Amino acid sequence: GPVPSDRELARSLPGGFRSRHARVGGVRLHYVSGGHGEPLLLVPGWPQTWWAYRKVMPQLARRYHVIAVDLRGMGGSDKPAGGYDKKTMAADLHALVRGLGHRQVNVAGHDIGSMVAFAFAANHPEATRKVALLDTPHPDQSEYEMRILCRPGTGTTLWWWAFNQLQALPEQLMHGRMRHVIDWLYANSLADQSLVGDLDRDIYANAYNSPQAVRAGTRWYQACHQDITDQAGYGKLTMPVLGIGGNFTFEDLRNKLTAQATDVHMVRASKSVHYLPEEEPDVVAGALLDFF
Amino acid sequence: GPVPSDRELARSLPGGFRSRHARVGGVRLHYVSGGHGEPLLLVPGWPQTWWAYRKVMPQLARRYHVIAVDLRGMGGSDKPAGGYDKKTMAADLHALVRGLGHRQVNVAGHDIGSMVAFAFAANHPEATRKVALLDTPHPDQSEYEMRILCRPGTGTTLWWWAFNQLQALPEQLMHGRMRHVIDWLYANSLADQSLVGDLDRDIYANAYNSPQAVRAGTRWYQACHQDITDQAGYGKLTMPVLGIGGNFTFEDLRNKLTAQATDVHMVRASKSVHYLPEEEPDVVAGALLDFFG
């Protein structure tokens, strides 16, 4: 294999992490676990894998039994025909956590995995002790306001939200070429490119390089409409909510969370654009320790 | 594998088209010309070439001297580092046409070539007899209202307006794979996929498949900010204007042209989505003969 196995990757981590599999509801999920304490669930997003949490999992494993998943269609997990709406994927994680003997877990999600961490606290509040959302708010009616074009100074367009809606074309252009996508996303994100080295980038690209791997990733975005339907319907969250926002998304994230939760805390990752676990593992790790 | 050359392609048409070149402002343009009559300039868009006009050139050639170009950055034309705003590309065509001894020309364009057509009239009204615009209006403030996401029942998103803004990534993903891009666009426009055959699709892919060819293509889209600015300085067009719109862009095309010009005629291509000269050749060709008269 072009990159090491998740098995080898897990063991490279300080300390005592182990790569594993579990079948739930017909879908085999991959995850990496270790550390001792109350359970803490880490959910990554696109186009990443559990390996996105490599920088913080050690410090977090000191206080919690860390469980870093690959969502369905992500990396080492099964890549089924459907079920990529955020609700269904939170259900998978529900079954997974209970199947491992926990009635309640701390949750933390990033990007797509943040939408999933929100749909987890929304649909299974009993099984959610505290919830942390890194950067990315759950889809709502405001996704329809995203513009194709930004006036030159204004910001950055999330072009992949449009591109990932397409059938066939994404896998046709991106299969075997995800390293370039990953390189583009980091060139418009990181203050320092060496924050995510060549090998780590290749680990992500290998997870996504096959045509079925690219297609599954897109399913996450194609379920945007559904996710938006489902969001209107959710009651407010009662359990403690943590929102960590970068410079790009902090106040949008604060606006939405305070409108969707009664007990909210906000932290600003002042040196990060999007990839908080990789960009500021220091701040993220500490924030989640304090919060939990 | 390889496709026919532009000289071969031009000679395959009825009747009398020759494949040519002219150096203007140091930039070398490829074009195909033929026929007899008043000069008719024909400008294509992304990701096509002059060959997009194959179905309508023979009819038009019976009445006009047809000059069907490849824009700066397109097909057989040079691909310099800059100059991809519509005003500069219009100047190119203005230098070309005048250098061929034509003080005034009829002009029709499509897609990106429609923006160029419009820019040509806006910057050189003395050199523009009349102008026709197929489907695509010139960039203005409304481009900043286009949405990344449409609701399920709603019209189609122009995802490539966003994608082609990018540096480096588009070459990296599309080089060698342009046939797929072209198939997606036709899958989402043609009523019947045989309206544009395999060989014609490969003719476009080949022109666009190199990293530099893709990069050039995106330059047309990246110049949108500049084009929008330039448009805010343009006075209304007073020469005769013809807008030919697809079935789902007609209303938008009309409202924008009647706001930007004073003498407008509209034709609806009501079996077409976007590639008008390929989807309704006889409607296009007819609308142009009647309007250039």
# chains A, B, ... in the order shown; residues from 1 in each chain; ligands from 1
call {"tool": "residues_around", "arguments": {"residues": "segment 256-266 of chain A", "least_positions_apart": "3", "cutoff": "12 Å", "atoms": "only C-alpha atoms", "output": "number ranges by chain"}}
result
A: 115, 118-119, 121-122, 130-142, 231-246, 249-253, 269, 284, 287-288, 290-292
call {"tool": "residues_around", "arguments": {"residues": "residue 24 of chain A", "least_positions_apart": "3", "cutoff": "8 Å", "atoms": "only C-alpha atoms", "output": "PyMOL selection string"}}
result
chain A and resi 27-29+92+95-96
call {"tool": "write_last_selection", "arguments": {"atoms": "N, CA, C and O atoms", "output": "short mmCIF file (atom, residue, chain, number, x, y, z; two decimals), in the first residue's frame"}}
result
data_model
loop_
_atom_site.label_atom_id
_atom_site.label_comp_id
_atom_site.auth_asym_id
_atom_site.auth_seq_id
_atom_site.Cartn_x
_atom_site.Cartn_y
_atom_site.Cartn_z
N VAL A 27 -23.58 -1.83 8.07
CA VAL A 27 -22.41 -1.07 7.61
C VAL A 27 -21.21 -1.22 8.55
O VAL A 27 -21.28 -0.91 9.74
N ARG A 28 -20.10 -1.70 7.98
CA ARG A 28 -18.85 -1.84 8.72
C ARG A 28 -18.13 -0.48 8.86
O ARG A 28 -17.71 0.11 7.86
N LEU A 29 -18.01 0.01 10.09
CA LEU A 29 -17.30 1.26 10.39
C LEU A 29 -15.88 1.02 10.89
O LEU A 29 -15.63 0.10 11.66
N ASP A 92 -25.58 5.76 12.87
CA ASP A 92 -24.49 4.79 12.79
C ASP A 92 -23.58 4.93 14.00
O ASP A 92 -23.23 3.95 14.65
N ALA A 95 -25.33 3.67 17.30
CA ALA A 95 -25.24 2.22 17.37
C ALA A 95 -23.82 1.78 17.73
O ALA A 95 -23.64 0.86 18.53
N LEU A 96 -22.83 2.45 17.16
CA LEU A 96 -21.44 2.09 17.40
C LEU A 96 -21.05 2.31 18.87
O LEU A 96 -20.45 1.44 19.50
#
call {"tool": "interface_residues", "arguments": {"of": "chain B", "to": "chain A", "cutoff": "6 Å", "atoms": "only C-alpha atoms", "output": "number ranges by chain"}}
result
B: 144, 146-149, 159, 162-163, 173
call {"tool": "closest_residue", "arguments": {"among": "A:79, A:30, A:215, A:13", "to": "residue 53 of chain A", "atoms": "only C-alpha atoms"}}
result
A:13
call {"tool": "select_by_dssp", "arguments": {"residues": "segment 95-279 of chain A", "states": "strand (DSSP E or B)", "output": "MDAnalysis selection string"}}
result
chainID A and resid 105:110 128:134 147 232 234 237 241:245 261 264:268
call {"tool": "residues_around", "arguments": {"residues": "residue 85 of chain B", "least_positions_apart": "6", "cutoff": "8 Å", "atoms": "only C-alpha atoms", "output": "ChimeraX atom specification"}}
result
/B:220,223-224,226-227
call {"tool": "write_last_selection", "arguments": {"atoms": "N, CA, C and O atoms", "output": "short mmCIF file (atom, residue, chain, number, x, y, z; two decimals), in the first residue's frame"}}
result
data_model
loop_
_atom_site.label_atom_id
_atom_site.label_comp_id
_atom_site.auth_asym_id
_atom_site.auth_seq_id
_atom_site.Cartn_x
_atom_site.Cartn_y
_atom_site.Cartn_z
N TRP B 220 -10.78 33.34 -18.88
CA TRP B 220 -12.00 34.02 -19.31
C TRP B 220 -12.93 34.21 -18.12
O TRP B 220 -13.63 35.23 -18.00
N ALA B 223 -11.49 36.77 -15.27
CA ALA B 223 -11.57 38.18 -15.63
C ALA B 223 -12.94 38.77 -15.38
O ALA B 223 -13.18 39.92 -15.74
N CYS B 224 -13.84 38.00 -14.75
CA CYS B 224 -15.21 38.48 -14.49
C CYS B 224 -15.27 39.77 -13.65
O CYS B 224 -16.12 40.61 -13.91
N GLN B 226 -12.99 42.30 -13.40
CA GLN B 226 -12.69 43.29 -14.42
C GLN B 226 -13.86 43.50 -15.43
O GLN B 226 -14.16 44.63 -15.81
N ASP B 227 -14.51 42.43 -15.88
CA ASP B 227 -15.56 42.60 -16.89
C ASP B 227 -16.76 43.36 -16.32
O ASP B 227 -17.37 44.19 -16.99
#
call {"tool": "residues_around", "arguments": {"residues": "residue 230 of chain B", "least_positions_apart": "6", "cutoff": "10 Å", "atoms": "only C-alpha atoms", "output": "ChimeraX atom specification"}}
result
/B:85-87,119,122,139-140,224
call {"tool": "write_last_selection", "arguments": {"atoms": "C-alpha atoms", "output": "CSV table (one decimal), in the first residue's frame"}}
result
chain,number,residue,atom,x,y,z
B,85,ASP,CA,-11.0,40.3,-20.2
B,86,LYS,CA,-13.8,40.8,-22.7
B,87,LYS,CA,-12.7,44.3,-23.6
B,119,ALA,CA,-17.9,44.2,-25.6
B,122,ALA,CA,-19.8,48.6,-26.5
B,139,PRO,CA,-21.3,40.1,-16.9
B,140,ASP,CA,-22.8,42.7,-14.6
B,224,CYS,CA,-15.2,38.5,-14.5
call {"tool": "residues_around", "arguments": {"residues": "residue 208 of chain B", "least_positions_apart": "3", "cutoff": "8 Å", "atoms": "only C-alpha atoms", "output": "ChimeraX atom specification"}}
result
/B:47,74-75,175,178,204-205,213-214,217
call {"tool": "write_last_selection", "arguments": {"atoms": "N, CA and C atoms", "output": "PDB file, in the first residue's frame"}}
result
ATOM      1  N   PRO B  47     -16.553  25.244 -23.371  1.00  0.00           N
ATOM      2  CA  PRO B  47     -15.207  24.970 -23.873  1.00  0.00           C
ATOM      3  C   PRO B  47     -15.313  24.510 -25.312  1.00  0.00           C
ATOM      4  N   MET B  74      -8.030  30.160 -27.117  1.00  0.00           N
ATOM      5  CA  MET B  74      -8.914  29.105 -27.604  1.00  0.00           C
ATOM      6  C   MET B  74      -8.360  28.374 -28.842  1.00  0.00           C
ATOM      7  N   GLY B  75      -8.420  27.041 -28.820  1.00  0.00           N
ATOM      8  CA  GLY B  75      -8.104  26.236 -29.985  1.00  0.00           C
ATOM      9  C   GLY B  75      -6.751  26.528 -30.607  1.00  0.00           C
ATOM     10  N   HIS B 175      -6.751  18.212 -16.988  1.00  0.00           N
ATOM     11  CA  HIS B 175      -5.885  17.940 -18.136  1.00  0.00           C
ATOM     12  C   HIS B 175      -6.046  16.454 -18.525  1.00  0.00           C
ATOM     13  N   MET B 178     -10.842  16.303 -20.385  1.00  0.00           N
ATOM     14  CA  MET B 178     -11.824  17.290 -20.782  1.00  0.00           C
ATOM     15  C   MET B 178     -13.025  16.655 -21.459  1.00  0.00           C
ATOM     16  N   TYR B 204     -13.254  19.177 -29.410  1.00  0.00           N
ATOM     17  CA  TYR B 204     -13.199  20.122 -28.310  1.00  0.00           C
ATOM     18  C   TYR B 204     -12.217  19.643 -27.226  1.00  0.00           C
ATOM     19  N   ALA B 205     -12.308  18.374 -26.832  1.00  0.00           N
ATOM     20  CA  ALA B 205     -11.417  17.833 -25.809  1.00  0.00           C
ATOM     21  C   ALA B 205      -9.939  18.075 -26.170  1.00  0.00           C
ATOM     22  N   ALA B 213      -4.004  24.781 -22.069  1.00  0.00           N
ATOM     23  CA  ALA B 213      -5.290  25.007 -22.722  1.00  0.00           C
ATOM     24  C   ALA B 213      -6.428  25.190 -21.687  1.00  0.00           C
ATOM     25  N   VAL B 214      -6.427  24.353 -20.647  1.00  0.00           N
ATOM     26  CA  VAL B 214      -7.364  24.478 -19.529  1.00  0.00           C
ATOM     27  C   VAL B 214      -7.158  25.804 -18.790  1.00  0.00           C
ATOM     28  N   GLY B 217      -8.563  28.728 -20.723  1.00  0.00           N
ATOM     29  CA  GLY B 217      -9.999  28.685 -20.518  1.00  0.00           C
ATOM     30  C   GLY B 217     -10.460  29.349 -19.221  1.00  0.00           C
TER      31      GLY B 217
END
call {"tool": "select_by_dssp", "arguments": {"residues": "segment 8-122 of chain A", "states": "alpha helix (DSSP H)", "output": "ChimeraX atom specification"}}
result
/A:8-12,57-61,86-99,112-122
call {"tool": "closest_residue", "arguments": {"among": "B:81, B:284, B:117, B:56", "to": "residue 219 of chain B", "atoms": "only C-alpha atoms"}}
result
B:81
call {"tool": "closest_residue", "arguments": {"among": "A:87, A:25, A:107, A:196", "to": "residue 281 of chain A", "atoms": "only C-alpha atoms"}}
result
A:196
call {"tool": "closest_residue", "arguments": {"among": "B:1, B:277, B:101, B:243", "to": "residue 136 of chain B", "atoms": "only C-alpha atoms"}}
result
B:243
call {"tool": "closest_residue", "arguments": {"among": "A:73, A:26, A:58, A:101", "to": "residue 285 of chain A", "atoms": "only C-alpha atoms"}}
result
A:58
call {"tool": "decode", "arguments": {"residues": "segment 131-142 of chain B", "atoms": "N, CA and C atoms", "output": "PDB file, in the first residue's frame"}}
result
ATOM      1  N   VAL B 131     -25.287  43.497 -33.854  1.00  0.00           N
ATOM      2  CA  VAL B 131     -24.717  42.486 -32.969  1.00  0.00           C
ATOM      3  C   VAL B 131     -25.803  41.502 -32.511  1.00  0.00           C
ATOM      4  N   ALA B 132     -25.472  40.212 -32.512  1.00  0.00           N
ATOM      5  CA  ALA B 132     -26.383  39.200 -32.000  1.00  0.00           C
ATOM      6  C   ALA B 132     -25.730  38.466 -30.835  1.00  0.00           C
ATOM      7  N   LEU B 133     -26.525  38.156 -29.814  1.00  0.00           N
ATOM      8  CA  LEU B 133     -26.021  37.530 -28.599  1.00  0.00           C
ATOM      9  C   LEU B 133     -26.768  36.251 -28.314  1.00  0.00           C
ATOM     10  N   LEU B 134     -26.039  35.150 -28.306  1.00  0.00           N
ATOM     11  CA  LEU B 134     -26.657  33.846 -28.149  1.00  0.00           C
ATOM     12  C   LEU B 134     -26.537  33.369 -26.688  1.00  0.00           C
ATOM     13  N   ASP B 135     -27.675  33.301 -26.001  1.00  0.00           N
ATOM     14  CA  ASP B 135     -27.792  32.808 -24.614  1.00  0.00           C
ATOM     15  C   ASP B 135     -27.173  33.654 -23.490  1.00  0.00           C
ATOM     16  N   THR B 136     -25.937  34.122 -23.658  1.00  0.00           N
ATOM     17  CA  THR B 136     -25.161  34.667 -22.528  1.00  0.00           C
ATOM     18  C   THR B 136     -25.009  36.202 -22.558  1.00  0.00           C
ATOM     19  N   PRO B 137     -25.544  36.892 -21.534  1.00  0.00           N
ATOM     20  CA  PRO B 137     -25.443  38.355 -21.490  1.00  0.00           C
ATOM     21  C   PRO B 137     -24.079  38.750 -20.961  1.00  0.00           C
ATOM     22  N   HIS B 138     -23.677  40.000 -21.109  1.00  0.00           N
ATOM     23  CA  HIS B 138     -22.399  40.420 -20.543  1.00  0.00           C
ATOM     24  C   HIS B 138     -22.485  40.409 -19.019  1.00  0.00           C
ATOM     25  N   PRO B 139     -21.386  40.041 -18.361  1.00  0.00           N
ATOM     26  CA  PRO B 139     -21.281  40.110 -16.910  1.00  0.00           C
ATOM     27  C   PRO B 139     -21.687  41.481 -16.372  1.00  0.00           C
ATOM     28  N   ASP B 140     -22.501  41.491 -15.324  1.00  0.00           N
ATOM     29  CA  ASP B 140     -22.785  42.723 -14.604  1.00  0.00           C
ATOM     30  C   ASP B 140     -22.867  42.427 -13.107  1.00  0.00           C
ATOM     31  N   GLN B 141     -23.550  43.281 -12.367  1.00  0.00           N
ATOM     32  CA  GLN B 141     -23.642  43.095 -10.930  1.00  0.00           C
ATOM     33  C   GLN B 141     -24.365  41.785 -10.546  1.00  0.00           C
ATOM     34  N   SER B 142     -25.258  41.290 -11.395  1.00  0.00           N
ATOM     35  CA  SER B 142     -26.039  40.111 -11.004  1.00  0.00           C
ATOM     36  C   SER B 142     -25.206  38.842 -10.858  1.00  0.00           C
TER      37      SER B 142
END
